[PDB]
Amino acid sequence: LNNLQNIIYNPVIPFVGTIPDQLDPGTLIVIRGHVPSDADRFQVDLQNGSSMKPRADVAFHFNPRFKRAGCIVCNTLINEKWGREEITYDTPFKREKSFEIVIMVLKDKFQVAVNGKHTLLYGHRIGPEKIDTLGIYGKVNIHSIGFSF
């Protein structure tokens, strides 16, 4: 890390907020918090705007789910239609456990690590320059949101 500057502490979920700079290659988004014991799922959405009707495009939907053995669904929403799901079954998330999510923006893809260990990759389907909004929804508690540009 270093260069990480945390804004937003303990936001009310759902949280929707504008990202303070363009997500150029090398940028980090760092989200710390924990999963409550009654959690079915939560999501971190990198969005093109904050429109609700029509629902803003989600360039990167990062969606841990905890039913059964749990997983992480990643996907992209365009014109309120979901695309092809990229499912990661080796999920490090567990109910009643803390996490640090680090999303690293590369030229061709996102690289995501959780609690210091690599978790997944997701190739860009929308140009990252169109991402200006971070949403966090569902059953999750967030201590901090920060960025490293």
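We call the rigid core whatever largest set of C-alpha positions still superposes within 1.5 Å between the two forms. Don't overthink the numbering: it's just position in the shown sequence, from 1.
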Any chance you could tell me whether 4-12 or 140-148 drifts more in 6 other deposited structures of this protein, judged by RMS CA distance from this form after superposing on the core? 4-12
On mean C-alpha B-factor from the PDB entry, just flag whether 56-64 or 88-96 is the higher one. 88-96
65-73 versus 40-48: which one carries the higher mean Cα B factor per the record? 65-73
Would you mind checking where the Cα B-factor of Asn141 ranks among the modelled residues of its chain, as the lowest, middle or highest third? highest
CA B-factor ranking of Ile131, expressed as a third of its chain: lowest
Lowest, middle or highest third: where is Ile101 by Cα B-factor in its chain? middle
Going by the entry, which third of its chain does the Cα temperature factor of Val12 land in? highest
On the chain's distribution of Cα B-factors, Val112 falls within the third called lowest
